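model the structure of this input:
(one chain, ligands or ions: 1)
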Amino acid sequence: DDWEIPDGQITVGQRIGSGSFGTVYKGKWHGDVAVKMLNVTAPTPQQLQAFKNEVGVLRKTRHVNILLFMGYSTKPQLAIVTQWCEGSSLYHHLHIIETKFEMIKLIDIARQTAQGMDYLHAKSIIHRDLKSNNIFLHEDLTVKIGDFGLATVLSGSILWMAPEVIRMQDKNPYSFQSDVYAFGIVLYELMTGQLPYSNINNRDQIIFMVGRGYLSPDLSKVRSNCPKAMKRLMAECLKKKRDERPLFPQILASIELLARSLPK
Ligand SMILES: OCCCc1n[nH]c2cccc(Nc3c(-c4ncccn4)oc4cnccc34)c12
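Numbering: from 1, shown residues only. See the structure here:
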């Protein structure tokens with residue numbers, strides 16, 4: 001029954017990048033798959049946990065907007081096999097090749113992402129690293145949230161970090177709300193086609209200020225046709241006090257509502 005794939009079956013091709021602890025590849029195992037291997041030689045007893053984390057969370061996700069887990073391999077190396085998505089990461093589309101989606105598409109990418117996240121949060125999964133990087137547009141129409149190496153029951157993306165997270169206030173800053181904030185940033189990505197704080201060239205500064213409250217994302221930037229409601233909900237997810245942020249059941253319904261009024 002288990003999802004351990006017997007050594008020798010998984011075939012490993014083009015290298016395509018780094019995801020949390022490990023190197024990812026496109027591969028073959030009953031068709032195109034992605035292989036994420038958090039290894040060379042033999043592992044750390046530190047990375048042994050991050051592997052056994054993602055495989056333990058992913059294997060609890062069965063949803064269209066959560067990236068599809070196919071199995072795990074320990075035998076030649078530690079590897080997570082998931083489906084393969086021809087297409088790209090929402091980050092790529094927005095900030096490298098500069099795809100230009102219609103607004104209706106954007107709002108959808110937003111709704112799906114929200115949907116996915118909602119799924120996770122119901123199963124008491126906390127993503128802890130949602131970001132345009134980890135949202136996939138599968139054949140450019142279906143979103144699959146990916147990388148659960150940090151999920152919970154030398155590196156940083158901070159542009160998505162709630163302030164409360166930017167300053168380690170206690171033992172767990174992470175909450176369904178930090179996930180919301182993270183989400184609101186990719187809402188702001190979608191809507192502005194730009195990354196936040198783009199005019200400041202210094203990272204350490206951005207960190208400091210977004211943590212103290214001096215710096216917040218500039219909303220006088222969301223392109224002219226972005227609905228009021230959506231702009232309004234964006235602003236709701238980005239609130240600095242985490243307890244003033246909407247959880248995803250609400251976040252979802254509110255985008256599903258401004259969707260039935262938009263094609264007009
Ligand atoms: O940094 C983003 C994390 C990607 C990721 N997390 N966990 C995974 C498990 C299997 C495959 C993964 N990556 C996948 C990538 C990818 N492309 C470029 C850079 C990084 N990843 O593209 C994919 C397409 N379909 C399925 C999985 C992946 C991933």
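
could you verify that residue 249 is part of a strand?
No. Residue state for residue 249 (DSSP: H, G, I helix; E, B strand; the rest coil) corresponds to helix; a strand is not indicated.

my guess is residue 36 contacts residue 26. True?
No. Counting by Cβ atoms under 8 Å, residue 36 does not reach residue 26; the two are 10.8 Å apart. For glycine as for every other residue, the C-beta is placed from the backbone atoms N, C-alpha and C.

which one's more surrounded, the two?
Each of residue 36 and residue 26 has its neighbours counted (other Cβ atoms under 10 Å); residue 36 has more, 28 against 16.

give me the phi and psi for the more buried one.
When read as degrees, to the nearest 10, the backbone of residue 36 gives phi -110, psi 110.

could you do residue 32 as well?
Phi and psi for residue 32, reported as degrees, to the nearest 10, are phi -50, psi 120.

what residues does the chain have near the ligand?
When proximity is defined as Cβ under 6 Å from any ligand atom, the chain approaches the ligand at 16-17, 19, 24, 34, 36, 67, 80, 82-85, 133-134, 136, 146-147.

now, those residues that are in strands?
Those of these mapping onto strands are 16-17, 24, 34, 36, 80, 82-83, 136, per DSSP state E.

list the buried ones in the helix of greatest length in the chain?
When the chain is parsed with DSSP state H, its longest helix is helix 103-122. Across helix 103-122, burial judged by 16 or more other Cβ atoms under 10 Å covers 103, 106-121.

do the same with stretch 205-220
206-207, 209-211, 215, 217.

how about stretch 2-19?
Residues of stretch 2-19 classed as buried by neighbour count (16+ other Cβ under 10 Å): 5, 10, 12, 19.

show me how the record splits this structure into domains.
The chain is divided into the following domains under curated CATH domains: 1-86, 87-264.

for the stretch 51-200 of the chain, just list every one of the helices.
Ranges of helices within the stretch 51-200 of the chain are 90-95, 103-122, 163-166, 176-192, based on DSSP state H, counting those that start in this stretch.

can I get those helices in CSV including distance to residue 44?
Putting the helices of the stretch 51-200 of the chain into CSV (distance: least, Cβ to Cβ, whole Å) gives the following:
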stretch, distance to residue 44
helix 90-95, 27
helix 103-122, 27
helix 163-166, 25
helix 176-192, 26
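
fine, thanks again, bye for now.
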